[PDB]
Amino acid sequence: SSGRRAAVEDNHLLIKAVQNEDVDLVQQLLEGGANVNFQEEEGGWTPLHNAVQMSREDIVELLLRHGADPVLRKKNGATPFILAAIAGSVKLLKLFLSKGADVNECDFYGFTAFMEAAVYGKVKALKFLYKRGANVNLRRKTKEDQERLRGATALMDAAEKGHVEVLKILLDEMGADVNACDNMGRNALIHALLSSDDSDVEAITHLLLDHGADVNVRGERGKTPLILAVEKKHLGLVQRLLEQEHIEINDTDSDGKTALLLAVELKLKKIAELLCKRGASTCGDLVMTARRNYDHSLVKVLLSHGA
C-alpha cells in the first residue's frame, strides 16, 4: 500500500517526463518499470497520447517499444491516431494505421481524424487522410447517438475556424457537400457567420456562395445568413449576400424581426439603406423604431421607400 502509492508517483512522473520532452528520463522510468499504459484520472491521458499531442515521433517509438497500446483511447474516446490529426503529423497517422487504426474511427463525440485535421487547419494530414479513404461528408454522431438512429461535418468546422486553404480543398478537390446541415439545420454558411472569427469570414462566405451554398437556411432561431450578416453589423457580408439572386430578403427570424427591422433597431444606416433597395417596409413599425432611436437621417430613408 506504500508501494502502490510510490509507484503511481513514478507513473505520473513518466507522463510529466514525456511532457517535458526528457527522453533520458522517460527511458529511465520505463526501464525502471513504470506503467507505460498509465492513464491519469483527469481525462484518461497516457504517455503515448501526450507524446502524439506533441508530435514527438521519437518518444512515440520509445513508448511503443516498451509496449504501449497504440489504440488505447482516453476519456473522450479519441485514439492516438486521431490525436495525430490534430497534430497534423502524417508520419504518425501512417504509423497508427499500420498498427490497427481505422481511417474513419471517431471519438465519443463523432469526431474523426479527417474532422480534426479540418478543425486544426492541418492540410497535409487532410490530403493524407483523404487518399487513405477518409469519409469526407460524415456527420458527427456521438456513440449513444448512433444507437438511437438520430451532426456537424468537416466542411462546417473549417468554415467556423476560417481556414480558407482547407475550405477550397474540401469543396474543389475532395467532394465536400456544401449544403449539408447539422441537427440544428445550420450549414457551412451559417457556421461561418456564427464563429468568433470575423477574420476570414468574408472569404469563407464568398467561397461557400460560389460553390452553391443555400443562402436561405433557418438557423438556431430562424436566424438566416442575411440576419446574421446584419446582426454582425457587417456591410461587406450583407453586400455579398445580397448579390445572391434568389435570397428571401423578407424572411423573418424567430422573433418576427426581419433583416431590415434589425438593421434599423441597430441603427445601421448603410445596411438599412442598402436593404431598402429591395426590402419590404410594409415589419411596418420601422419608422417608429427609427423614431425611438432618434435617428432622423434614417426616418427619412425609410419613408422614401414607403413605410
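Counting begins at 1, following the sequence as shown.
Going from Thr282 to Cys283, the model skips 1 to 3 deposited residues, which lack coordinates. In terms of unmodelled positions of the deposited sequence, the chain runs continuously from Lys99 to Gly100 in this entry. The stretch with the higher mean CA B factor, choosing between 211-219 and 170-178, is 211-219. When the two stretches 293-301 and 18-26 are set side by side, the higher mean Cα temperature factor goes to 293-301.
Looking only at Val36, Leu262, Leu62, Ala51, the residue with the top Cα B factor in the deposited structure is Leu262.
Comparing C-alpha B-factors across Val123, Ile204, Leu149, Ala113 in the deposited entry, the largest value falls on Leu149. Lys74 sits in the lowest third of its chain by CA B factor, as recorded in the PDB entry. Ranked by C-alpha B-factor against the other modelled residues of its chain, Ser55 falls in the middle third. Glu40: CA B factor in the middle third of modelled residues in this chain (values from the PDB entry). In the PDB entry, a CA B factor belonging to the lowest third of its chain's modelled residues is recorded for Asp157. Among all modelled residues in this chain, the alpha-carbon of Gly236 has a temperature factor (C-alpha) in the highest third.
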